[PDB]
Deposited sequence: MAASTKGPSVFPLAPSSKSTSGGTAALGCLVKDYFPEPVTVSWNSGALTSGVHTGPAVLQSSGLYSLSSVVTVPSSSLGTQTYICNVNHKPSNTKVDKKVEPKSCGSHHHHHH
């Protein structure tokens, strides 16, 4: 079957309100479902919003994951989203750095 692995882009923190920053990853243009997303190899679970995917007019899916972290952690704590797309045997670990 035809598959297409995702293009993963950072959603950089800049996105900060009352001492909390939101950052994330955009998992673009993959096929078929599903993708899974973890953060810091499963170390970061609290305040994570992931999925569901959107089906674009192209017939490809996109999905995002956003985590809210303390703003003081930025540039200290590394944030890596771990994206797995089993159907294409692709994994992407994207480092999300402040802009």
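- Gaps between the deposited sequence and the modelled structure occur at positions 1-2, 17-18, 104-113.
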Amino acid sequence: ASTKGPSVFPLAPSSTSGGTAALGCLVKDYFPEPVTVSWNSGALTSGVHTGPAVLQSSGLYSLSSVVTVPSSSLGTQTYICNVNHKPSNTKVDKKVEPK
From here on, numbers count along this sequence of modelled residues.
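- Of the two segments examined, 27-35 and 54-62, it is 54-62 that shows the higher average Cα temperature factor in the deposited entry.
- When the two stretches 17-25 and 85-93 are set side by side, the higher mean Cα temperature factor goes to 17-25.
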